[PDB]
Amino acid sequence: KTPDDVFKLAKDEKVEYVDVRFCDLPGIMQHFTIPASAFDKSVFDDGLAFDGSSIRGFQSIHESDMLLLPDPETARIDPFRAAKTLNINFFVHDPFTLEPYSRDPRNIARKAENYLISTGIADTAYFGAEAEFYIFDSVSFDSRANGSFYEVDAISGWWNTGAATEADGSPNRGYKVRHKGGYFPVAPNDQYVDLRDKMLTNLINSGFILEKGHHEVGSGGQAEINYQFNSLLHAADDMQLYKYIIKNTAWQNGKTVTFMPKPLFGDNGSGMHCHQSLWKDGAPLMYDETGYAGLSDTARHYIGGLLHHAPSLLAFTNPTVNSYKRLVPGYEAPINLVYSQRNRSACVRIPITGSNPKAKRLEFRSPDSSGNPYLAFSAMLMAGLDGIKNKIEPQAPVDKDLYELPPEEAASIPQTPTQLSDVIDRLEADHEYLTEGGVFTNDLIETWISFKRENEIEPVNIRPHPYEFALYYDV
Amino acid sequence: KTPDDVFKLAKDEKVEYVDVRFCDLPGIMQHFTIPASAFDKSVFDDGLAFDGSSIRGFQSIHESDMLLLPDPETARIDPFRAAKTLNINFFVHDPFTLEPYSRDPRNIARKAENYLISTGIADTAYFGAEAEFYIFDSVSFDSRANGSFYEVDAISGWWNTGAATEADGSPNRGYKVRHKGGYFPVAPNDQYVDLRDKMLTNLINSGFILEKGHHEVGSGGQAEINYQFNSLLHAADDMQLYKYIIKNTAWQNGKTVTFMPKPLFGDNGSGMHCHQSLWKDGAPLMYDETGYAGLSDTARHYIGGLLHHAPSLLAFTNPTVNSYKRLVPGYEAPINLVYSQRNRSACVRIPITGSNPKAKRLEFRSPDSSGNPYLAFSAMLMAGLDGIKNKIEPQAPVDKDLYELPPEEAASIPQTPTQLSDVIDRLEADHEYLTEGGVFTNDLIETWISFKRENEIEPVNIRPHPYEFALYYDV
Amino acid sequence: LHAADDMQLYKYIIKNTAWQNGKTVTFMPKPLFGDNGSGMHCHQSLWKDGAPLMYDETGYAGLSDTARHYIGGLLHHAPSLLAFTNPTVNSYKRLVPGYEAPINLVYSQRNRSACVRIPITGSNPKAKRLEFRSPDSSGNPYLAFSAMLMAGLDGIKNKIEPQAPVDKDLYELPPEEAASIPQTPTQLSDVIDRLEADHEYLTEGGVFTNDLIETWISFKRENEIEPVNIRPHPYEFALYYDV
Amino acid sequence: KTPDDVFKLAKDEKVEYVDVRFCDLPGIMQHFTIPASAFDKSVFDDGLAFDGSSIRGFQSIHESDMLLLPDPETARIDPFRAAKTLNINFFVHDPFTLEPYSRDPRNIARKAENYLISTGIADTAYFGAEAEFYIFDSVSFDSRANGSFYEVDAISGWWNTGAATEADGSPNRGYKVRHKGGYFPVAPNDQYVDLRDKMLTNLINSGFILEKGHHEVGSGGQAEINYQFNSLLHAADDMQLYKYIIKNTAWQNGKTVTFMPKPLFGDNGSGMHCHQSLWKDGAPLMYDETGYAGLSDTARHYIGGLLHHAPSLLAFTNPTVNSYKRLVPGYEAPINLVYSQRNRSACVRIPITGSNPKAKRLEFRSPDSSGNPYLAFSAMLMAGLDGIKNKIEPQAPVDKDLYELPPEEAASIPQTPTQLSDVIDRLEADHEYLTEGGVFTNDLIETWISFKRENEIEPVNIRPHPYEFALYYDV
Ligand SMILES: Nc1ncnc2c1ncn2[C@@H]1O[C@H](COP(=O)(O)OP(=O)(O)O)[C@@H](O)[C@H]1O
Ligand SMILES: Nc1ncnc2c1ncn2[C@@H]1O[C@H](COP(=O)(O)OP(=O)(O)O)[C@@H](O)[C@H]1O
Ligand SMILES: Nc1ncnc2c1ncn2[C@@H]1O[C@H](COP(=O)(O)OP(=O)(O)O)[C@@H](O)[C@H]1O
Ligand SMILES: C[S@](=O)(CC[C@H](N)C(=O)O)=NP(=O)(O)O
Ligand SMILES: C[S@](=O)(CC[C@H](N)C(=O)O)=NP(=O)(O)O
Ligand SMILES: C[S@](=O)(CC[C@H](N)C(=O)O)=NP(=O)(O)O
Ligand SMILES: C[S@](=O)(CC[C@H](N)C(=O)O)=NP(=O)(O)O
Ligand SMILES: [Cl-]
Ligand SMILES: [Cl-]
Ligand SMILES: [Cl-]
Ligand SMILES: [Cl-]
Ligand SMILES: [Mg+2]
Ligand SMILES: [Mg+2]
Ligand SMILES: [Mg+2]
Ligand SMILES: [Mg+2]
Ligand SMILES: [Mg+2]
Ligand SMILES: [Mg+2]
Ligand SMILES: [Mg+2]
Ligand SMILES: [Mg+2]
Ligand SMILES: [Mg+2]
Ligand SMILES: [Mg+2]
């Protein structure tokens, strides 16, 4: 796509407004709107200014001014706004030198793709991401000196089977979803068919190649919609747009969506499994008919890299305090650093695909959607490429239900990290694999560590947990 | 039809989505949705994957991946979804060997039909099933440390005659249905005429050949809709689709349906009577002018098999704890293992159909809708064939009201099983007739027994019943 | 007899002290799901001429042959004996693992997971006795106490040897070991059927008569077992509404 | 006191009941009641039996029976029960050997005192403990699949200045306590003067030698009542009786008390500072006019032991998840491991006492009362004694506000542990100083570690925090 392709699209669509978008460091898209009449060549030539102070992980107040330059390949019409709007993603640049910004997530993805080519290992990294989510009806929460609470609610939640009426006073008609029982009964047990169809249609209309949509395991409206894999930067751009469409399709239809890893205690969390393959000259590299699970040496060393760097890598792939509430046994999320074919209890699963080399890939099951896909996908690639470069051999595959291992035997396998502060500490101590080729820089890494400690870890740590009152009020 | 016929139907209808459906072991249909764009030759050639470990009766987590292959004969347009959708049922297959799955209910029905042909006895088994249901307004329930309740409700329920207002605050207008008095006065006493017309219409539009529709005996909106019999596998697919259309027609019209065997205490339960006949070379085998109730030796021995194998057979035909609350006297459901013409108190009724050989069949009144029609129909056939093959003679017919015979006479007649655990116990100890020709396998039967004990029998067993507090609080 | 009279007086006093003070008491075996039930453990000893018969320093748990054979009788007749000691439908909600009530038919010292526990009492013969942990107070103390005695007396008369004591947490045994031990009965209808088929040890000396045993069976079937069997359980709605 | 002295007390007081008491492992006192008629010489000779499997940290179900033998020194008349009652503490014993139980906390304290004598260092360790607490009006909390909350409330809590009425509907009259402003304004700002007087009186009548009573720093009714120090075991029995008297005086007067370390977020937590001193032959050992803060080598090496062993010692002195919410800066609790005279921000303060050698002691400010005082005082002693035996020199005192230290200076001092899992891990790795002389045994330490992991650390870790919803719902 060219600047001229974008102007033509805006004209043909009778666009009233253009929405200017970019990513903050933690992973939330940011925006301002310009009139169509202000969308000209100058936007591409000179760019547009914003306040870098007000964006998390960006600039200080005395060095606030920053610049944005358009990415023509990201232009998509908005499905929700009454006034016809075209959305476009931008790269962040220095306002003096016009150089790409070191803490622009989209720049990191850019640099990662270029570094890959520079290695001669491959020219394309493909990412297929499964971002699960919950379709709720309501959420409320607070934090005070003498009390704190949260509650999420959903009509299909099993906690409501005993309700006398629904929230709007209408009768309880049953057909609510049992815990761990949402994957995937037909309607009327599935109460979200029509809404997911709206989501599917909005995605098709915005340029997604769709594969499938379904209710997920969790009670209270867990869902998943799958779309075709793409190369790293494109994939991460797709992910951000996907979350926007899912959240706003829900919002326009009276619902509220969360992508948080573990909103429900005692039911499945929400992961972001990443299917990954490396290709060169249009041909796949992950396949060897003689390998365990049909994997080549290249594929096996990529896995070796992921599982070796995991203790620090999870700082980018599982970046929140809530992340580590999902990494607990019995819910199809990982609890140790094992790879295994067909195995949804493992950290890396190899899906059963047959002899087709183009279908061969690994599934990294650890990641969730609580962070930044540009950083997550890039960190995973840097880990895998360190594995290949150093020929890191992964530990032998364990083809077992990993949650049913007796404690003496469970202890003999490297475990997933317990909490966020551990992965941040470990990232601080060893991150050289990430700074290879300048893909990540020290200033980015130091900012990330500093933001997570001051804004997430410490605020949670200092606040009494409601279960501490259950355990200790009467001590 | 054929694959190409399905592609033409999808094209002619301008289908937006395709719903991929299969059956879990207990008997609930499962689904996910693909776009019309993703419905191609590839789906037929190499199939679609899913999580076998999330499906009841299927796989463990470390062997989770399973495969689905389409059945063209089952393609139907969905009458409920705003986005035009084509529903198709699939067979479950191993993802390595591509062979049919030993615990796919639809495969069991396949195997049953092919076993029949191999015996030489017949080439076609016809099943006409009468699946009764209740049209309720609401339901709620729960189970706690210190309490437990359930309540179902319906405008037409006799328990509501003294209500000052209806649920929405409108006036009580009377015309409610007396207990055991629903079969079948005209409107306004019949409050569901228009709704049952919609159900009939939706079924007609889904390729059903309809016979009749009516209010049934039970107060609170019991109902029955009858459609033309078909061969075993088609009949079981028809049953599953009929449940879907009934439940969702009701849901779209502000109501809620249950197929559970005994939702009301002191009024009729809901059965699934199965009219059964064997045919060979296009000619019926059940008729003989000289026999009792016009039955041939073949038909009599089939009945012999049903009544002889009933103590283990009811594990598939009456597969839930709630099943055995229906098998009590006074409600046109069986209490002992007897056959009789014209007799609605019997286990096997022979309906009065005259001299036409084509109309001659047996009605097995024992079964209910609480399980798996694929497994239940197959098991009934396997029992009947062991009866023919071994010439099992049924005990003398008893042409009396079976609920009202003297206690001394009732003692010579074998009674129906008292509870689920007894039929599961009996199935474990003696299931050879089911494993004939490999139709049922030991892994299926072991899985069934295991599931019922762990997820149904024990869970009910450990929970105090409300009537225990009526009997024992003051001991 | 004095003990059974004491029990009925105890229950009357507990119930009405509660009632006069704004409360309400229940002696039912399992009013709460997921928490401990209410048992009626019966510590039992036989005496002659003011001197105890249960003690022998050389026996397992300091028990005499007479005591060991009494235990033998209790564990052997239990499939029918429970018709009088655990006489209600609710009784059998208590007989589940994890709550210090028995689930299999063994004896063991110091063991609160066993059917019969021998409490640690030392060398005093006046203190040596068995604790039958199976019984609850949902029935009749006069009939429960008498039936336990008749079972123990048959054990002594026929020198019934109990199976070897299992000094382990009986809820936590591996499958192969757990299945080799006779289990407690699952439900009331099972013990009533068994009482009907085999009650000779109770009608010895005419202590229990056929008319009492027939009335008991007829009462439990008509007024308890069948009324509960025919009524849908709330949890059937949790499991089956959407079938 | 002898057996006969207690029998005489029970007689003279015309006692109706005797309450048999002992300590569980975590720190809660247990009890059952016997009639005065059953309190006889057999109780002293034979003891009394209980179920060791229902007490936490004690026996398994198959080895349940345990024995109790009385301690005549601990006999006091109960101030609350209408039926005149004498309370007596017991020691736990093996029912076969009659030996003391290895996991009886009261036995541990007894072993500690005997070990002290055997060293020659001293013959008496005196403990003066300051157990702060909150006098609340109410508390509620829960933990569900879809939500979790807690709330404490008190009339004097600053969060209530804006209330239209009080809980009972009467007018808001002001004079509520500002956060951090409760130490210690006159009434009516102090709303608990009369209640604290009732507490003081009850304590006086139970044989406590009282020093003072006051409102503490926290809003919402924080309080402290100080009594005369005593030798290790006596001091620990005193602490347990003190907690019982405080809680039940509040209860009988319409209130509810908590000793939990940090019930309020952003106000002072509740500590249990322990003033400590060693004496030999009736003479003090802590004093030397020439030492810093008038401390002797014995005293300095005792402090050196406490600060060196703290990383594992806090497993007994700060034994809960909630403990580590208190160990944050700005609330007069320690954040690092230094000693300093006059310094309420330090880990060990030396109170200003002057020239009197009997008044000379250390204050260990780290501990709270969320656990077991028998274990905590014993663990403190063993750390101190290891310090004296090995002449461990503490790092130079830092006589500054330790919360306000410059980044370089702060980082040069060892911080207190962040969380319970860290101190439990460290106790497991290094606990030889505790097992000296068999005072603590391996079985005790192993059981403690096991209890805390399975019943406290893990249960909190798996439950989502409400603030995670504040941070992450919209990711
Ligand atoms: N060779 C490949 N490399 C990377 N991703 C792939 C490849 N083949 C397929 N994918 C992607 O993997 C994802 C699989 O998602 P899904 O079907 O939900 O898998 P799962 O079996 O884990 O549920 C899809 O996004 C798909 O486009
Ligand atoms: N020869 C036959 N073999 C099997 N099923 C048959 C045969 N003839 C009719 N049926 C089916 O039996 C069912 C009868 O249902 P229904 O009219 O409700 O009977 P009932 O008299 O038991 O109420 C229908 O589904 C019908 O198509
Ligand atoms: N020599 C000593 N050794 C141990 N404890 C002592 C000694 N002298 C006094 N104490 C005790 O120390 C405690 C001091 O408590 P408090 O007056 O609240 O002190 P502060 O608030 O200044 O820390 C009292 O219990 C007191 O009896
Ligand atoms: C059914 S599941 O295994 C569930 C994944 C889980 N929600 C997780 O937290 O990773 N997902 P998929 O089959 O789509 O890979
Ligand atoms: C009127 S009935 O006998 C009622 C049967 C009852 N509902 C049962 O089988 O539980 N049905 P049908 O006449 O359709 O055979
Ligand atoms: C503490 S317990 O073991 C509990 C017994 C349980 N309530 C039961 O159902 O038997 N009772 P006891 O120690 O009084 O014999
Ligand atoms: C006023 S304070 O310093 C407050 C101590 C604080 N509550 C703590 O958590 O240690 N106590 P004290 O003066 O009684 O030693
Ligand atoms: Cl953390
Ligand atoms: Cl059952
Ligand atoms: Cl029963
Ligand atoms: Cl912790
Ligand atoms: Mg998926
Ligand atoms: Mg998924
Ligand atoms: Mg996946
Ligand atoms: Mg019919
Ligand atoms: Mg009918
Ligand atoms: Mg019929
Ligand atoms: Mg007892
Ligand atoms: Mg003080
Ligand atoms: Mg204080
Ligand atoms: Mg102090």
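Residues numbered from 1 in each chain as written, not as in the entry; some residues may be left out. Chains lettered and ligands numbered in written order. Part of a larger assembly, values for the part shown. Heavy atoms only, no water.

Here we come to the overall build of chain C. Broken down by element type, chain C carries 8 helices and 6 strands. Listed N to C, the secondary structure of chain C is α-β-β-β-α-α-β-β-β-α-α-α-α-α in terms of helices and strands. Radius of gyration (C-alpha) of chain C: 19 Å, near the 18 Å computed for a compact globule of 243 residues. In chain C, buried positions account for 51% of the 243 residues. Within chain C, contacts between residues separated by at least 24 positions form 70% of all contacts whose residues are at least 6 apart in sequence. Entry remark: accessible area of chain C is about 11,000 Å², with carbon and sulfur atoms responsible for 51%. Computing the positive centroid from 22 side-chain charges and the negative centroid from 30, chain C places the two 7 Å apart. (Helix = DSSP H or I, 4+ residues; strand = E, 2+ residues; numbered from the N terminus. Rg over C-alpha atoms; globule rule 2.2 N^0.38 Å. Buried < 20%, exposed > 50% of the residue type's maximum accessible area, 1.4 Å probe, protein only. Contact = heavy atoms within 4.5 Å. Areas by Shrake-Rupley, 256 points an atom, 1.4 Å probe, with all protein chains shown as cover. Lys, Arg positive; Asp, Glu negative; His and termini not counted. Charge placed at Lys NZ, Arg CZ, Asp CG, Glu CD.)

On to the relation of the copies chain D and chain A. Superposition of chain D onto chain A requires a rotation of 180 degrees combined with a translation of 0.2 Å along the rotation axis, giving an RMSD of 0.3 Å. Such a combination of rotation and displacement between the chain copies is what one expects of a two-fold axis. For chain D, the smallest separation between a C-alpha atom and the rotation axis is recorded for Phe149 of chain D, amounting to 2.1 Å. The fraction of interface residues of chain D whose copies in chain A are also interface residues reaches 98%, indicating that both copies meet through the same surface. (Least-squares fit on C-alpha atoms.)

On to the coordination of the magnesium ion (ligand 21). Tetrahedral metal sites with four donors have an ideal angle of 109.5 degrees; octahedral sites with six donors have ideal angles of 90 or 180 degrees. All names here are of chain D. Within the protein, the atoms that donate to the magnesium ion (ligand 21) are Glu130 (OE), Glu130 (OE), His273 (ND1) and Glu363 (OE), at distances of 2.2 to 2.5 Å. For the magnesium ion (ligand 21), the 6 donor atoms are set out with angles of 56 to 164 degrees between them, so the coordination reads as irregular. Each donor residue of the magnesium ion (ligand 21) lies on the same chain, and together they follow the pattern E-x142-H-x89-E. We classify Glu363 as buried; its relative accessible area is 0%. (Donors = N, O, S within 2.8 Å, 3.2 Å for Na, K, Ca; no water. Tetrahedral: all angles 85-135°; square planar, octahedral: opposite > 155°, others 65-115°.)

With that settled, the discussion passes to the UniProt feature "binding site: Mg(2+) 1" in chain A. Residue and element names in this part refer to chain A. Under the UniProt annotation, "binding site: Mg(2+) 1" lies at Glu130, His273 and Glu363. The greatest C-alpha distance among the residues just named is 10.1 Å, despite their covering 234 residues of sequence, which places them together in space. Within the element layout of this structure, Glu130 appears in strand β7 (residues 124–131). The class for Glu130 is buried, based on a relative accessible area of 14%. Non-local contacts of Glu130, meaning those with residues more than four positions away in its chain, are made with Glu224, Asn226, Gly271, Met272, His273, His275 and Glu363. Summarising the element assignment, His273 is placed in strand β15 (residues 272–280). By relative accessible area, which is 6% here, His273 ends up buried. (UniProt positions renumbered as here; feature names shortened; annotations may be inferred.)

Contacts between chain D and chain A engage 56 residues on the former and 55 residues on the latter. Across the chain D to chain A interface the summed buried area is about 5,600 Å²; carbon plus sulfur atoms make up 65%. Sorting the residues of chain D by area buried against chain A places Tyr150, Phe265 and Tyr473 of chain D first, and these three jointly supply 16% of that buried surface. Our enumeration of links across chain D and chain A arrives at 3 salt bridges. Linking chain D to chain A there are 25 residue pairs in polar contact. Of all the secondary-structure elements, those providing two or more residues to the side of chain D that touches chain A are β9 (138–143), β10 (147–153), α5 (232–252), β14 (256–258), α12 (442–461) and α13 (466–472) of chain D. At 7 residues, α13 of chain D tops the list of elements feeding residues into the side of chain D that touches chain A. (Buried area = accessible area lost by both parts, 1.4 Å probe. Salt bridge = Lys/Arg side-chain N within 4 Å of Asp/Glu carboxyl O. Polar contact = N/O pair within 3.5 Å; in protein donor to acceptor, adjacent residues only side chain to side chain.)

All names here are of chain B. With respect to spatial proximity, 17 residues lie near ligand 2, and among them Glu211, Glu224, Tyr227, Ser277 and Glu363 are the closest. Between ligand 2 and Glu130, the relevant distance is 3.0 Å, taken from an oxygen atom to a side-chain nitrogen or oxygen of the residue. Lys358 has a polar backbone atom sitting 3.1 Å from a nitrogen atom of ligand 2. For ligand 2, the protein covers 88% of the area, taking 590 Å² as the surface of the free molecule. Of all the secondary structure elements, the ones that give two or more residues to the shell around ligand 2 are β7 (124–131), β11 (210–215), β12 (222–227) and β15 (272–280). (Near = heavy atom within 4 Å.)

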